[PDB]
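Heads up, query37.cif below (mmCIF, N, CA and C atoms):
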data_target
#
loop_
_atom_site.group_PDB
_atom_site.id
_atom_site.type_symbol
_atom_site.label_atom_id
_atom_site.label_comp_id
_atom_site.auth_asym_id
_atom_site.auth_seq_id
_atom_site.Cartn_x
_atom_site.Cartn_y
_atom_site.Cartn_z
ATOM 1 N N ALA A 288 -54.414 -76.673 131.447
ATOM 2 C CA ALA A 288 -55.368 -77.511 130.724
ATOM 3 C C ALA A 288 -55.292 -77.274 129.221
ATOM 4 N N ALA A 289 -55.189 -76.011 128.803
ATOM 5 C CA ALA A 289 -55.139 -75.704 127.378
ATOM 6 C C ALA A 289 -53.791 -76.053 126.760
ATOM 7 N N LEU A 290 -52.719 -76.034 127.553
ATOM 8 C CA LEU A 290 -51.376 -76.315 127.064
ATOM 9 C C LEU A 290 -50.906 -77.720 127.424
ATOM 10 N N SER A 291 -51.810 -78.576 127.896
ATOM 11 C CA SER A 291 -51.469 -79.948 128.260
ATOM 12 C C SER A 291 -51.268 -80.752 126.981
ATOM 13 N N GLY A 292 -50.110 -81.392 126.860
ATOM 14 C CA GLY A 292 -49.812 -82.170 125.671
ATOM 15 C C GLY A 292 -49.631 -81.331 124.426
ATOM 16 N N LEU A 293 -49.263 -80.062 124.587
ATOM 17 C CA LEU A 293 -49.083 -79.148 123.469
ATOM 18 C C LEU A 293 -47.591 -78.974 123.208
ATOM 19 N N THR A 294 -47.173 -79.239 121.974
ATOM 20 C CA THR A 294 -45.775 -79.165 121.580
ATOM 21 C C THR A 294 -45.632 -78.207 120.409
ATOM 22 N N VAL A 295 -44.561 -77.422 120.418
ATOM 23 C CA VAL A 295 -44.238 -76.501 119.336
ATOM 24 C C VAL A 295 -42.971 -77.002 118.657
ATOM 25 N N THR A 296 -42.961 -76.977 117.327
ATOM 26 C CA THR A 296 -41.832 -77.500 116.573
ATOM 27 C C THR A 296 -41.633 -76.690 115.301
ATOM 28 N N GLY A 297 -40.370 -76.411 114.985
ATOM 29 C CA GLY A 297 -40.043 -75.697 113.762
ATOM 30 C C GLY A 297 -40.094 -76.627 112.566
ATOM 31 N N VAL A 298 -40.586 -76.115 111.445
ATOM 32 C CA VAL A 298 -40.751 -76.908 110.234
ATOM 33 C C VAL A 298 -39.971 -76.325 109.067
ATOM 34 N N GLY A 299 -40.188 -75.049 108.757
ATOM 35 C CA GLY A 299 -39.589 -74.483 107.565
ATOM 36 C C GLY A 299 -39.399 -72.985 107.668
ATOM 37 N N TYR A 300 -38.851 -72.421 106.593
ATOM 38 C CA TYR A 300 -38.540 -71.002 106.514
ATOM 39 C C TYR A 300 -38.176 -70.664 105.077
ATOM 40 N N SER A 301 -38.093 -69.365 104.795
ATOM 41 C CA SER A 301 -37.684 -68.854 103.495
ATOM 42 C C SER A 301 -36.616 -67.786 103.685
ATOM 43 N N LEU A 302 -35.991 -67.382 102.584
ATOM 44 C CA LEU A 302 -34.938 -66.377 102.614
ATOM 45 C C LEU A 302 -35.252 -65.245 101.642
ATOM 46 N N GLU A 303 -34.943 -64.020 102.062
ATOM 47 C CA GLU A 303 -35.033 -62.839 101.208
ATOM 48 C C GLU A 303 -33.687 -62.659 100.517
ATOM 49 N N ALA A 304 -33.556 -63.232 99.320
ATOM 50 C CA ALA A 304 -32.287 -63.253 98.602
ATOM 51 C C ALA A 304 -32.440 -62.560 97.257
ATOM 52 N N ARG A 305 -31.367 -61.899 96.834
ATOM 53 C CA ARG A 305 -31.372 -61.043 95.658
ATOM 54 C C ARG A 305 -29.948 -60.915 95.129
ATOM 55 N N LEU A 306 -29.825 -60.817 93.808
ATOM 56 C CA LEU A 306 -28.527 -60.827 93.145
ATOM 57 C C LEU A 306 -28.068 -59.402 92.878
ATOM 58 N N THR A 307 -26.781 -59.143 93.115
ATOM 59 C CA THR A 307 -26.233 -57.816 92.854
ATOM 60 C C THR A 307 -26.294 -57.478 91.373
ATOM 61 N N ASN A 308 -26.008 -58.458 90.519
ATOM 62 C CA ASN A 308 -25.913 -58.254 89.079
ATOM 63 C C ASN A 308 -24.864 -57.206 88.759
ATOM 64 N N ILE A 309 -23.625 -57.475 89.158
ATOM 65 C CA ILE A 309 -22.523 -56.600 88.783
ATOM 66 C C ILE A 309 -22.319 -56.636 87.275
ATOM 67 N N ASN A 310 -22.516 -57.808 86.669
ATOM 68 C CA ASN A 310 -22.400 -57.982 85.227
ATOM 69 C C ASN A 310 -23.734 -57.855 84.501
ATOM 70 N N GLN A 311 -24.848 -57.881 85.232
ATOM 71 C CA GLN A 311 -26.201 -57.804 84.691
ATOM 72 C C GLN A 311 -26.551 -59.018 83.838
ATOM 73 N N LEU A 312 -27.689 -59.635 84.141
ATOM 74 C CA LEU A 312 -28.170 -60.791 83.400
ATOM 75 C C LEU A 312 -29.659 -60.639 83.138
ATOM 76 N N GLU A 313 -30.291 -59.731 83.870
ATOM 77 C CA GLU A 313 -31.727 -59.522 83.822
ATOM 78 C C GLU A 313 -32.032 -58.278 83.004
ATOM 79 N N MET A 314 -33.278 -58.179 82.560
ATOM 80 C CA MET A 314 -33.685 -56.998 81.817
ATOM 81 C C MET A 314 -34.829 -56.294 82.528
ATOM 82 N N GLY A 315 -35.862 -57.037 82.882
ATOM 83 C CA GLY A 315 -37.053 -56.434 83.433
ATOM 84 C C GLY A 315 -37.806 -55.652 82.380
ATOM 85 N N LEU A 316 -38.653 -54.750 82.857
ATOM 86 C CA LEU A 316 -39.480 -53.981 81.946
ATOM 87 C C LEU A 316 -38.652 -52.907 81.248
ATOM 88 N N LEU A 317 -39.116 -52.508 80.068
ATOM 89 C CA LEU A 317 -38.457 -51.495 79.263
ATOM 90 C C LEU A 317 -39.291 -50.222 79.264
ATOM 91 N N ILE A 318 -38.686 -49.138 78.792
ATOM 92 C CA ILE A 318 -39.333 -47.834 78.713
ATOM 93 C C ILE A 318 -39.038 -47.244 77.344
ATOM 94 N N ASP A 319 -40.042 -46.617 76.740
ATOM 95 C CA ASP A 319 -39.915 -46.031 75.419
ATOM 96 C C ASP A 319 -40.395 -44.590 75.453
ATOM 97 N N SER A 320 -39.887 -43.791 74.520
ATOM 98 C CA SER A 320 -40.272 -42.395 74.392
ATOM 99 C C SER A 320 -40.839 -42.153 73.004
ATOM 100 N N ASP A 321 -42.045 -41.598 72.956
ATOM 101 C CA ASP A 321 -42.733 -41.283 71.716
ATOM 102 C C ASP A 321 -43.323 -39.887 71.831
ATOM 103 N N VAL A 322 -43.440 -39.200 70.697
ATOM 104 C CA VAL A 322 -44.048 -37.875 70.658
ATOM 105 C C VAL A 322 -45.216 -37.894 69.678
ATOM 106 N N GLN A 323 -46.413 -37.652 70.202
ATOM 107 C CA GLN A 323 -47.627 -37.476 69.417
ATOM 108 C C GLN A 323 -47.970 -35.995 69.404
ATOM 109 N N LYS A 324 -47.805 -35.347 68.256
ATOM 110 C CA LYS A 324 -47.865 -33.894 68.187
ATOM 111 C C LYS A 324 -48.879 -33.441 67.149
ATOM 112 N N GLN A 325 -49.619 -32.384 67.487
ATOM 113 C CA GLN A 325 -50.772 -31.917 66.729
ATOM 114 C C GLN A 325 -50.577 -30.454 66.361
ATOM 115 N N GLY A 326 -51.134 -30.048 65.226
ATOM 116 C CA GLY A 326 -51.060 -28.666 64.771
ATOM 117 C C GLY A 326 -52.351 -27.915 65.046
ATOM 118 N N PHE A 327 -52.226 -26.608 65.266
ATOM 119 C CA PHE A 327 -53.360 -25.737 65.558
ATOM 120 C C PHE A 327 -53.324 -24.545 64.611
ATOM 121 N N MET A 328 -54.496 -24.001 64.293
ATOM 122 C CA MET A 328 -54.655 -23.079 63.177
ATOM 123 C C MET A 328 -55.279 -21.765 63.642
ATOM 124 N N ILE A 329 -54.956 -20.680 62.952
ATOM 125 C CA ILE A 329 -55.485 -19.353 63.269
ATOM 126 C C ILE A 329 -56.386 -18.889 62.129
ATOM 127 N N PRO A 330 -57.696 -18.871 62.313
ATOM 128 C CA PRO A 330 -58.595 -18.401 61.252
ATOM 129 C C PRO A 330 -58.512 -16.908 60.989
ATOM 130 N N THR A 331 -59.427 -16.435 60.149
ATOM 131 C CA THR A 331 -59.811 -15.033 60.079
ATOM 132 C C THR A 331 -61.310 -14.960 60.365
ATOM 133 N N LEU A 332 -61.817 -13.765 60.649
ATOM 134 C CA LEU A 332 -63.224 -13.569 60.960
ATOM 135 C C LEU A 332 -63.787 -12.411 60.152
ATOM 136 N N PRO A 333 -65.098 -12.401 59.906
ATOM 137 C CA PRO A 333 -65.690 -11.388 59.017
ATOM 138 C C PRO A 333 -65.448 -9.983 59.535
ATOM 139 N N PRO A 334 -65.249 -9.021 58.640
ATOM 140 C CA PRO A 334 -64.716 -7.724 59.059
ATOM 141 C C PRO A 334 -65.785 -6.780 59.584
ATOM 142 N N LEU A 335 -65.317 -5.731 60.255
ATOM 143 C CA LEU A 335 -66.152 -4.609 60.657
ATOM 144 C C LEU A 335 -65.811 -3.421 59.771
ATOM 145 N N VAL A 336 -66.728 -2.463 59.673
ATOM 146 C CA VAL A 336 -66.592 -1.361 58.731
ATOM 147 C C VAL A 336 -67.209 -0.104 59.327
ATOM 148 N N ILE A 337 -66.627 1.047 59.001
ATOM 149 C CA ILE A 337 -67.148 2.354 59.387
ATOM 150 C C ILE A 337 -67.215 3.211 58.131
ATOM 151 N N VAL A 338 -68.200 4.098 58.065
ATOM 152 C CA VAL A 338 -68.381 4.975 56.915
ATOM 153 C C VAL A 338 -67.915 6.377 57.286
ATOM 154 N N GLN B 547 -23.267 -63.204 77.787
ATOM 155 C CA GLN B 547 -23.796 -61.922 78.256
ATOM 156 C C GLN B 547 -23.458 -61.631 79.715
ATOM 157 N N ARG B 548 -22.247 -61.986 80.130
ATOM 158 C CA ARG B 548 -21.639 -61.473 81.348
ATOM 159 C C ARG B 548 -20.507 -60.541 80.948
ATOM 160 N N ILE B 549 -20.480 -59.351 81.531
ATOM 161 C CA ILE B 549 -19.478 -58.354 81.183
ATOM 162 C C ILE B 549 -18.392 -58.342 82.249
ATOM 163 N N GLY B 550 -17.169 -58.650 81.840
ATOM 164 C CA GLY B 550 -16.030 -58.584 82.731
ATOM 165 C C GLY B 550 -14.778 -58.223 81.962
ATOM 166 N N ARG B 551 -13.820 -57.638 82.677
ATOM 167 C CA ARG B 551 -12.568 -57.252 82.045
ATOM 168 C C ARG B 551 -11.501 -58.300 82.322
ATOM 169 N N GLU B 552 -10.769 -58.682 81.279
ATOM 170 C CA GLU B 552 -9.800 -59.762 81.358
ATOM 171 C C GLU B 552 -8.429 -59.261 80.938
ATOM 172 N N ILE B 553 -7.399 -59.745 81.621
ATOM 173 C CA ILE B 553 -6.013 -59.545 81.221
ATOM 174 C C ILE B 553 -5.419 -60.906 80.898
ATOM 175 N N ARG B 554 -4.870 -61.037 79.695
ATOM 176 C CA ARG B 554 -4.428 -62.314 79.159
ATOM 177 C C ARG B 554 -2.936 -62.282 78.870
ATOM 178 N N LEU B 555 -2.235 -63.321 79.313
ATOM 179 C CA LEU B 555 -0.809 -63.488 79.052
ATOM 180 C C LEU B 555 -0.652 -64.696 78.141
ATOM 181 N N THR B 556 0.038 -64.514 77.026
ATOM 182 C CA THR B 556 0.196 -65.643 76.121
ATOM 183 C C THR B 556 1.633 -66.160 76.170
ATOM 184 N N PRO B 557 1.877 -67.285 76.824
ATOM 185 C CA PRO B 557 3.238 -67.824 76.860
ATOM 186 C C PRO B 557 3.592 -68.587 75.597
ATOM 187 N N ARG B 558 4.886 -68.696 75.303
ATOM 188 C CA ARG B 558 5.346 -69.476 74.157
ATOM 189 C C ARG B 558 6.801 -69.861 74.394
ATOM 190 N N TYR B 559 7.065 -71.165 74.448
ATOM 191 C CA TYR B 559 8.405 -71.690 74.677
ATOM 192 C C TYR B 559 8.358 -73.203 74.542
ATOM 193 N N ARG B 560 9.533 -73.802 74.377
ATOM 194 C CA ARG B 560 9.622 -75.249 74.269
ATOM 195 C C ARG B 560 11.046 -75.688 74.576
ATOM 196 N N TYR B 561 11.183 -76.907 75.094
ATOM 197 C CA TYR B 561 12.476 -77.466 75.455
ATOM 198 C C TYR B 561 12.929 -78.463 74.398
ATOM 199 N N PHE B 562 14.217 -78.438 74.080
ATOM 200 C CA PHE B 562 14.810 -79.370 73.134
ATOM 201 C C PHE B 562 15.915 -80.171 73.805
ATOM 202 N N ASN B 563 16.243 -81.316 73.215
ATOM 203 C CA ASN B 563 17.250 -82.218 73.751
ATOM 204 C C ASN B 563 18.219 -82.600 72.645
ATOM 205 N N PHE B 564 19.516 -82.424 72.898
ATOM 206 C CA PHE B 564 20.541 -82.706 71.899
ATOM 207 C C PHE B 564 21.482 -83.821 72.341
ATOM 208 N N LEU B 565 22.138 -83.680 73.481
ATOM 209 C CA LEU B 565 23.150 -84.656 73.862
ATOM 210 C C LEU B 565 22.484 -85.935 74.357
ATOM 211 N N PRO B 566 22.736 -87.072 73.723
ATOM 212 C CA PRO B 566 22.130 -88.321 74.188
ATOM 213 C C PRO B 566 22.986 -89.026 75.223
ATOM 214 N N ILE B 567 23.440 -88.296 76.236
ATOM 215 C CA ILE B 567 24.217 -88.854 77.335
ATOM 216 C C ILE B 567 23.690 -88.255 78.628
ATOM 217 N N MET B 568 23.459 -89.102 79.627
ATOM 218 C CA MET B 568 22.934 -88.634 80.898
ATOM 219 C C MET B 568 23.102 -89.730 81.939
ATOM 220 N N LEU B 569 23.324 -89.324 83.188
ATOM 221 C CA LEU B 569 23.566 -90.244 84.292
ATOM 222 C C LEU B 569 22.627 -89.923 85.445
ATOM 223 N N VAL B 570 22.192 -90.958 86.161
ATOM 224 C CA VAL B 570 21.353 -90.817 87.346
ATOM 225 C C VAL B 570 21.941 -91.659 88.467
ATOM 226 N N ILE B 571 22.097 -91.059 89.641
ATOM 227 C CA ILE B 571 22.443 -91.789 90.852
ATOM 228 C C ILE B 571 21.307 -91.589 91.842
ATOM 229 N N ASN B 572 20.939 -92.654 92.543
ATOM 230 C CA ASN B 572 19.795 -92.631 93.442
ATOM 231 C C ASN B 572 20.244 -92.990 94.852
ATOM 232 N N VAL B 573 19.868 -92.160 95.822
ATOM 233 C CA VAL B 573 20.285 -92.317 97.211
ATOM 234 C C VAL B 573 19.044 -92.565 98.053
ATOM 235 N N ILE B 574 19.125 -93.536 98.957
ATOM 236 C CA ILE B 574 18.008 -93.886 99.824
ATOM 237 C C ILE B 574 18.507 -94.028 101.250
ATOM 238 N N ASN B 575 17.563 -94.007 102.189
ATOM 239 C CA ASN B 575 17.818 -94.365 103.579
ATOM 240 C C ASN B 575 18.837 -93.453 104.249
ATOM 241 N N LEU B 576 18.931 -92.202 103.799
ATOM 242 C CA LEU B 576 19.957 -91.309 104.327
ATOM 243 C C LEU B 576 19.760 -91.059 105.817
ATOM 244 N N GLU B 577 18.515 -90.851 106.243
ATOM 245 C CA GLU B 577 18.275 -90.422 107.618
ATOM 246 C C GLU B 577 18.578 -91.537 108.611
ATOM 247 N N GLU B 578 18.350 -92.792 108.216
ATOM 248 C CA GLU B 578 18.559 -93.901 109.144
ATOM 249 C C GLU B 578 20.012 -93.996 109.585
ATOM 250 N N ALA B 579 20.952 -93.816 108.652
ATOM 251 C CA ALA B 579 22.360 -94.026 108.972
ATOM 252 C C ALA B 579 22.823 -93.085 110.075
ATOM 253 N N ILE B 580 22.434 -91.814 110.001
ATOM 254 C CA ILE B 580 22.694 -90.911 111.113
ATOM 255 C C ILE B 580 21.849 -91.264 112.328
ATOM 256 N N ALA B 581 20.591 -91.652 112.122
ATOM 257 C CA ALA B 581 19.671 -91.913 113.220
ATOM 258 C C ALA B 581 19.976 -93.201 113.970
ATOM 259 N N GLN B 582 20.224 -94.297 113.260
ATOM 260 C CA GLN B 582 20.351 -95.609 113.870
ATOM 261 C C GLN B 582 21.774 -95.837 114.350
ATOM 262 N N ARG B 583 21.942 -96.928 115.093
ATOM 263 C CA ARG B 583 23.266 -97.394 115.467
ATOM 264 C C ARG B 583 24.103 -97.616 114.217
ATOM 265 N N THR B 584 25.137 -96.806 114.031
ATOM 266 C CA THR B 584 26.067 -96.982 112.928
ATOM 267 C C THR B 584 27.463 -97.223 113.474
ATOM 268 N N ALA B 585 28.119 -98.250 112.949
ATOM 269 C CA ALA B 585 29.463 -98.588 113.389
ATOM 270 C C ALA B 585 30.136 -99.474 112.358
ATOM 271 N N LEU B 586 31.329 -99.963 112.683
ATOM 272 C CA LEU B 586 32.075 -100.802 111.757
ATOM 273 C C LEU B 586 31.266 -102.031 111.386
ATOM 274 N N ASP B 587 30.890 -102.119 110.111
ATOM 275 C CA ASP B 587 30.201 -103.294 109.596
ATOM 276 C C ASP B 587 31.197 -104.439 109.538
ATOM 277 N N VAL B 588 31.563 -104.962 110.705
ATOM 278 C CA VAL B 588 32.718 -105.841 110.799
ATOM 279 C C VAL B 588 32.387 -107.152 110.106
ATOM 280 N N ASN B 589 32.925 -107.320 108.907
ATOM 281 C CA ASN B 589 32.815 -108.582 108.200
ATOM 282 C C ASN B 589 33.760 -109.625 108.791
ATOM 283 N N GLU B 590 33.295 -110.269 109.859
ATOM 284 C CA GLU B 590 33.923 -111.442 110.451
ATOM 285 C C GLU B 590 34.208 -112.514 109.404
ATOM 286 N N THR B 591 35.475 -112.774 109.096
ATOM 287 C CA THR B 591 35.829 -113.626 107.966
ATOM 288 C C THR B 591 36.569 -114.884 108.398
ATOM 289 N N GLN B 592 35.800 -115.904 108.783
ATOM 290 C CA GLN B 592 36.116 -117.324 108.590
ATOM 291 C C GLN B 592 37.601 -117.658 108.760
ATOM 292 N N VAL B 593 38.162 -117.290 109.910
ATOM 293 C CA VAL B 593 39.463 -117.839 110.277
ATOM 294 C C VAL B 593 39.342 -118.348 111.710
ATOM 295 N N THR B 594 38.145 -118.552 112.122
ATOM 296 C CA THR B 594 37.642 -119.445 113.144
ATOM 297 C C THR B 594 36.917 -120.594 112.463
ATOM 298 N N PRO B 595 37.195 -121.834 112.856
ATOM 299 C CA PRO B 595 36.833 -122.975 112.002
ATOM 300 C C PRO B 595 35.352 -123.041 111.668
ATOM 301 N N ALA B 596 35.034 -122.740 110.411
ATOM 302 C CA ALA B 596 33.718 -122.980 109.840
ATOM 303 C C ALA B 596 33.879 -123.311 108.364
ATOM 304 N N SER B 597 35.126 -123.351 107.906
ATOM 305 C CA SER B 597 35.440 -123.527 106.495
ATOM 306 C C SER B 597 36.940 -123.732 106.299
#

Would you write the structure of this file as structure tokens?
Amino acid sequence: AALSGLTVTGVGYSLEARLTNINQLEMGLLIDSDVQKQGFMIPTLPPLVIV
Amino acid sequence: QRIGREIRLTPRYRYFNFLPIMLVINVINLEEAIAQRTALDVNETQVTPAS
């Protein structure tokens, strides 16, 4: 009853395709290197004394 | 922006013509003569009354 007059038919599809790029034509994202560098200091402190 | 390695050959030559004398003979129908009935092409010559 549920499958009476029921037909299945193929319509479409897709492909998982990708290029080797032996010669390269694409770039994609880039990467950069930067250095942010800070200096640190050594104080002095008030002295101690003995008599 | 395609990277490939190429090997190139550079030809150089030319033909010249000096003697203004030349002959051509043309042959046709060679296969038929061996293939077909070949025999004396008897040119029956008019010494039976027709002339």

>> Using all atoms listed in the file and a distance of at most 6 Å, pull out the residues of chain B that contact chain A, as a VMD selection string.
In response: chain B and resid 547 to 549

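Taking CA of residue 317 (chain A) as the reference point, CA of residue 302 (chain A) is found at 27.9 Å.
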
> Hey, what does DSSP flag as helix (DSSP H, G or I) within chain B? Can you give it to me as number ranges by chain?
Replying inline: B: 576-581

> Rounded to one decimal in Å, what is the spacing between CA of residue 576 (chain B) and CA of residue 590 (chain B)?
Replying inline: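 Taking CA of residue 576 (chain B) and CA of residue 590 (chain B), their separation equals 25.3 Å.
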
Atoms are missing here; could region 572-591 of chain B be completed with N, CA, C and O atoms and written as an mmCIF file, in the frame of the given file?
data_model
loop_
_atom_site.group_PDB
_atom_site.id
_atom_site.type_symbol
_atom_site.label_atom_id
_atom_site.label_comp_id
_atom_site.auth_asym_id
_atom_site.auth_seq_id
_atom_site.Cartn_x
_atom_site.Cartn_y
_atom_site.Cartn_z
ATOM 1 N N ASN B 572 20.939 -92.654 92.543
ATOM 2 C CA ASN B 572 19.795 -92.631 93.442
ATOM 3 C C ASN B 572 20.244 -92.990 94.852
ATOM 4 O O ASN B 572 20.917 -94.005 95.053
ATOM 5 N N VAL B 573 19.868 -92.160 95.822
ATOM 6 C CA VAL B 573 20.285 -92.317 97.211
ATOM 7 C C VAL B 573 19.044 -92.565 98.053
ATOM 8 O O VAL B 573 18.018 -91.899 97.869
ATOM 9 N N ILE B 574 19.125 -93.536 98.957
ATOM 10 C CA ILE B 574 18.008 -93.886 99.824
ATOM 11 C C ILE B 574 18.507 -94.028 101.250
ATOM 12 O O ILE B 574 19.711 -94.141 101.501
ATOM 13 N N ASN B 575 17.563 -94.007 102.189
ATOM 14 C CA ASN B 575 17.818 -94.365 103.579
ATOM 15 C C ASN B 575 18.837 -93.453 104.249
ATOM 16 O O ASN B 575 19.533 -93.878 105.175
ATOM 17 N N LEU B 576 18.931 -92.202 103.799
ATOM 18 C CA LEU B 576 19.957 -91.309 104.327
ATOM 19 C C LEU B 576 19.760 -91.059 105.817
ATOM 20 O O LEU B 576 20.726 -91.056 106.588
ATOM 21 N N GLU B 577 18.515 -90.851 106.243
ATOM 22 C CA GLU B 577 18.275 -90.422 107.618
ATOM 23 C C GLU B 577 18.578 -91.537 108.611
ATOM 24 O O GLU B 577 19.014 -91.275 109.737
ATOM 25 N N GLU B 578 18.350 -92.792 108.216
ATOM 26 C CA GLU B 578 18.559 -93.901 109.144
ATOM 27 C C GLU B 578 20.012 -93.996 109.585
ATOM 28 O O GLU B 578 20.295 -94.233 110.766
ATOM 29 N N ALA B 579 20.952 -93.816 108.652
ATOM 30 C CA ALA B 579 22.360 -94.026 108.972
ATOM 31 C C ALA B 579 22.823 -93.085 110.075
ATOM 32 O O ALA B 579 23.537 -93.502 110.993
ATOM 33 N N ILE B 580 22.434 -91.814 110.001
ATOM 34 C CA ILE B 580 22.694 -90.911 111.113
ATOM 35 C C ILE B 580 21.849 -91.264 112.328
ATOM 36 O O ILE B 580 22.345 -91.205 113.460
ATOM 37 N N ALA B 581 20.591 -91.652 112.122
ATOM 38 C CA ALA B 581 19.671 -91.913 113.220
ATOM 39 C C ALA B 581 19.976 -93.201 113.970
ATOM 40 O O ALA B 581 20.000 -93.195 115.206
ATOM 41 N N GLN B 582 20.224 -94.297 113.260
ATOM 42 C CA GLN B 582 20.351 -95.609 113.870
ATOM 43 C C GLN B 582 21.774 -95.837 114.350
ATOM 44 O O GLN B 582 22.686 -95.054 114.074
ATOM 45 N N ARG B 583 21.942 -96.928 115.093
ATOM 46 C CA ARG B 583 23.266 -97.394 115.467
ATOM 47 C C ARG B 583 24.103 -97.616 114.217
ATOM 48 O O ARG B 583 23.805 -98.503 113.412
ATOM 49 N N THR B 584 25.137 -96.806 114.031
ATOM 50 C CA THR B 584 26.067 -96.982 112.928
ATOM 51 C C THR B 584 27.463 -97.223 113.474
ATOM 52 O O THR B 584 27.929 -96.506 114.365
ATOM 53 N N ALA B 585 28.119 -98.250 112.949
ATOM 54 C CA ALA B 585 29.463 -98.588 113.389
ATOM 55 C C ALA B 585 30.136 -99.474 112.358
ATOM 56 O O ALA B 585 29.576 -99.717 111.285
ATOM 57 N N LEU B 586 31.329 -99.963 112.683
ATOM 58 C CA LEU B 586 32.075 -100.802 111.757
ATOM 59 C C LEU B 586 31.266 -102.031 111.386
ATOM 60 O O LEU B 586 30.996 -102.886 112.231
ATOM 61 N N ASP B 587 30.890 -102.119 110.111
ATOM 62 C CA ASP B 587 30.201 -103.294 109.596
ATOM 63 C C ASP B 587 31.197 -104.439 109.538
ATOM 64 O O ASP B 587 31.625 -104.850 108.454
ATOM 65 N N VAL B 588 31.563 -104.962 110.705
ATOM 66 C CA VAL B 588 32.718 -105.841 110.799
ATOM 67 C C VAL B 588 32.387 -107.152 110.106
ATOM 68 O O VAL B 588 31.654 -107.994 110.635
ATOM 69 N N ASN B 589 32.925 -107.320 108.907
ATOM 70 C CA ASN B 589 32.815 -108.582 108.200
ATOM 71 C C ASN B 589 33.760 -109.625 108.791
ATOM 72 O O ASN B 589 34.889 -109.812 108.334
ATOM 73 N N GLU B 590 33.295 -110.269 109.859
ATOM 74 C CA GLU B 590 33.923 -111.442 110.451
ATOM 75 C C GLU B 590 34.208 -112.514 109.404
ATOM 76 O O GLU B 590 33.277 -113.144 108.899
ATOM 77 N N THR B 591 35.475 -112.774 109.096
ATOM 78 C CA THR B 591 35.829 -113.626 107.966
ATOM 79 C C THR B 591 36.569 -114.884 108.398
ATOM 80 O O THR B 591 37.804 -114.909 108.410
#
